[PDB]
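Here the Cβ is made from the backbone with ideal geometry for all residues, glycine too, and neighbour counts use every protein chain on show. No value in this document is a laboratory result; all are computed from the given coordinates.
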């Protein structure tokens, strides 16, 4: 069923949002790692921590983009069902008109 499809897509999105929080946390930690090296005076390792920061940012973008795709499919399914309900509403309106003419 399309309802189940929506639940399953949301299920994966929820798991991806856990990855989102995890990777976002790592990005903050990599920034902090770099700041620690800057206070130590080791700019080489600070830049390397920023390289790791950017690496995780790329992974976060992948997770966020994956959720976007699932949401597009999810909302497309929802919209399809809303269009079927709009259709049924118009069909009942037509029935009312049939009664008026009859």
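For the range 2-73, averaging the sequence separation of C-alpha pairs within contact (under 8 Å, six or more residues apart) and dividing by the residue count gives a relative contact order of 44 percent. The equivalent ellipsoid of the range 2-73 has semi-axes of 35, 10, 5 Å, largest first, where each one is the square root of 5 times an eigenvalue of the Cα gyration tensor. Gain on full extension, evaluated as 0.36 nm per residue between residue 96 and residue 42 minus their Cα-Cα distance, stands at 11.6 nm. Between the beta carbons of residue 87 and residue 7, assuming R0 = 22 Å, the FRET efficiency works out to 0.40 to the nearest 0.05. Relative to the longest principal axis of the Cα atoms of the chain, helix 2-40 runs at roughly 20 degrees.
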